[PDB]
Amino acid sequence: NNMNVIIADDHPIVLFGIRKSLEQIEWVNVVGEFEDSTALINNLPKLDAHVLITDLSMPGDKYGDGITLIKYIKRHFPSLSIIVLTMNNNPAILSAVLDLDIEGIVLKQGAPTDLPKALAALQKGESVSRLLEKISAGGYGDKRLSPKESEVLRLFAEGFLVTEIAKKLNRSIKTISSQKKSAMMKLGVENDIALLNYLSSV
Amino acid sequence: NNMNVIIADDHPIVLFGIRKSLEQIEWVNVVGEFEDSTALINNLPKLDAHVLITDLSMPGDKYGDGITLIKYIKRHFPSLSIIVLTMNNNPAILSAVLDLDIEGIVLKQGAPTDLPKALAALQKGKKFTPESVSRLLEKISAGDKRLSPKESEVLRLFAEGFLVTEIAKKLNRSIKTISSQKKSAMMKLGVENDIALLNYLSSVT
DNA sequence: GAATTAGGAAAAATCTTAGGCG
DNA sequence: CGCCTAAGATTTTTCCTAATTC
Ligand code: BEF
Ligand code: BEF
Ligand SMILES: [Mg+2]
Ligand SMILES: [Mg+2]
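Taken in sequence, the protein lines are chains A and B.
According to the deposited numbering, the residues represented by the first sequence are 2 to 126, 132 to 208, in order.
According to the deposited numbering, the residues represented by the second sequence are 2 to 143, 147 to 209, in order.
Here is the structure:
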């Protein structure tokens, strides 16, 4: 069955590496490309799409990026099937990203044809099992974050301030402090330096 | 003249694009593709290559990533013309990189005709610097760029993991003294937030 | 000319504490 | 019950500004 696809990633050096990997398949039809949540959400109705290979960490002029952007597409577009393509190798973060309920998940640092082999696994009722059965079997199950803490820490390490994440997501510094201060105790780190060490070490 | 090119990035999907991209050019030939530092150094002598396309964010045991690495590549393999192709944007990083003298720097978050124009530029012994690159370069543009003793002394402890207050305590001075020196330093390097700073302090380690 | 040192005003962040949910 | 959410009081940390002496 002919399944049409849209792609979303901040890097066009990445996008131009996916579009070439999927045209191998004769039934696949890559209809649209985007680099931000704003232009993406705008041109979603105007283009018919069954499935989507969208990024985790992106620029969101208004409509936001990440688990925020995922569940706003899930709600306003249950029409679509979402595949999360991130460079985030971190378990603590990717933890709640699994629980989100997406079509399939693919890693950038995973072999190139991990994406076509999650376009088959979806077509017949992918690497969300291999991830979870590696993640749960890893020995970092005590460091399992919530869909908010994973969204908070992500943006902290991306190089935003606390108060800029509040402005990002519609909360107060008091709200976000708690979600980071909470997320830190889950990981068992006292300072930021030691936190970002556990957000690279993965 | 037809040149012999290498590619280096941990993300093989990025490697695929960069590999597929160089096929469009009739004189361009790719001799190698690598996923870390350790490997790039192994088959650096092995291949007859004039040019390299490398990430600053590449994993490796024996050799570092970014500045630490490019410093090794500039010295131990000097003949080679270099183009740095990274996601990264922390101006303090790119500052010290463009200081190691490379043909150019392609921001992986730039335009897709960056790398063609970057090889077209080096094909005529020049350096391409997109508006995306120019933008972040101005930050430090405004001795001067060089850090002070007590500033560098502080930054060391901040990176160690000692919070600002713990530094003041440890050295007999007020918080205001250290923040002045901490943020003074930051202002020199051309980094706003604590993240993009620590990212620099590791890139030069 | 800048380095090291701050002080008082100001901003950012953490700290209880506390209300309603699956 | 952990979860998001937050406003008090508090802390940390910057911001603005100006004193040292080389
Ligand atoms: F931008 Be994503 F994190 F690969
Ligand atoms: F994604 Be790479 F660092 F260009
Ligand atoms: Mg990205
Ligand atoms: Mg990388």
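Don't be surprised by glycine CBs; every beta carbon is placed ideally from N, CA and C.
Classify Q110(B): buried if its beta carbon has 16 or more other beta carbons within 10 angstroms, exposed otherwise.
A buried status is given to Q110(B), since no fewer than 16 other beta-carbon atoms sit within 10 Å of its beta-carbon.
Under 6 Å from any heavy atom of ligand 3, does the C-beta of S58(A) make it?
yes
Unbroken stretches of the alpha helix (DSSP H), 4 residues or longer, contained in the segment 11-70 of chain A
13-23 and 38-43
Is the CB of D62(B) under 7 Å away from at least one CB in chain A?
Taking Cβ atoms only, chain A never reaches closer than 7 Å to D62(B), which makes this a no.
Give the secondary structure of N203(B) by DSSP, where H, G and I count as helix, E and B as strand, and everything else as coil.
helix
Using the rule of at least 16 other Cβ atoms within 10 Å of the residue's Cβ for burial, across every protein chain shown, is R76(B) buried or exposed?
exposed
Assigned secondary structure, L108(A) (DSSP; H/G/I helix, E/B strand, else coil)
Looking at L108(A) - three-state DSSP - the assignment turns out to be strand.
For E196(B), which residues of its own chain have a beta-carbon under 8 Å away from its beta-carbon, when the five flanking residues on both sides are left out?
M190
As assigned by DSSP and simplified to three states, the class of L99(B)
helix
Run through chain A and tell me which residues come within less than 7 Å of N197(B), C-beta to C-beta.
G165 and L167, listed in chain order.
Name the chain A residues whose beta carbon is nearer than 7 Å to that of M88(B)?
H12
Check whether the Cβ atoms of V208(A) and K186(A) sit closer than 7 Å, and answer yes or no.
No, Cβ-Cβ distance for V208(A) and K186(A) is not below 7 Å.
Could you tell me the boundaries of the beta strand (DSSP E) in which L86(B) lies?
Here the beta strand (DSSP E) through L86(B) covers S82 to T87.
Nearest to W28(A) by CA position, among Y146(A), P117(A) and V134(A), is which residue?
Closest option to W28(A), Cα to Cα, is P117(A).
Who are the Cβ neighbours of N3(B) in its own chain at under 8 Å, not counting the five residues just before and after it?
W28, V29 and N30
Judging by CA-CA distance, which residue of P46(A), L108(A) and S96(A) is the nearest neighbour of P153(A)?
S96(A)
Please decide whether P113(B) counts as near chain A, where near means a Cβ-Cβ distance under 7 Å.
yes
At a cut-off of 6 Å, is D62(A) close to ligand 3 when judged by its beta-carbon and the heavy atoms of the ligand?
no
Could you check whether the segment 164-180 of chain B touches the segment 121-132 of chain B, counting it as contact only if at least three pairs of C-beta atoms, one from each stretch, sit closer than 8 Å?
no
Just verifying my parser: in three-state terms, what is the DSSP assignment at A189(A)?
helix
Check whether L81(A) and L120(A) have beta carbons under 7 Å apart
no
Could you pull out every residue in the same chain whose Cβ sits closer than 6 Å to the Cβ of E36(A), ignoring the five residues on either side in sequence?
Only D11 meet the Cβ criterion.
Run through chain A and tell me which residues come within less than 7 Å of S22(B), C-beta to C-beta.
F17
Using the rule of at least 16 other Cβ atoms within 10 Å of the residue's Cβ for burial, across every protein chain shown, is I19(A) buried or exposed?
Buried.
I want to see whether chain B comes within less than 7 Å of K109(A), judged by CB atoms only; does it?
yes
Using a Cβ cut-off of 7 Å (strictly closer), state whether residue 127(A) contacts chain B.
Because residue 127(A) lies between 126 and 132, and chain A jumps straight from the first to the second, it has no atoms in this structure.
When the Cα of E34(A) is compared with those of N91(B), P113(B) and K192(B), which residue comes out closest?
Looking only at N91(B), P113(B) and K192(B), the smallest Cα-Cα distance to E34(A) is reached by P113(B).
On the three-state DSSP scale, how would you describe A143(A)?
coil
Measuring only from the beta carbon, is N89(A) closer than 6 Å to any heavy atom that is part of ligand 1?
yes
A122(B) bridges to which residues according to DSSP?
Answer by DSSP bridge pairing: none, since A122(B) is not bridged.
In the DSSP assignment, the beta strand (DSSP E) including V195(B) goes from what residue to what residue?
Here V195(B) belongs to no beta strand (DSSP E), and DSSP marks it neither H nor E.
When you compare only the Cα positions, how much space is there between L23(B) and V15(A)?
14 Å
C-alpha gap between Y73(A) and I74(B), whole angstroms
46 Å
What is the C-beta distance between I94(B) and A163(A), in whole angstroms, given that I count them as a contact (C-beta under 8 Å)?
Contact flag wrong, Cβ pair sits at about 16 Å.
Residues sharing a beta bridge with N5(A), DSSP:
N30(A)
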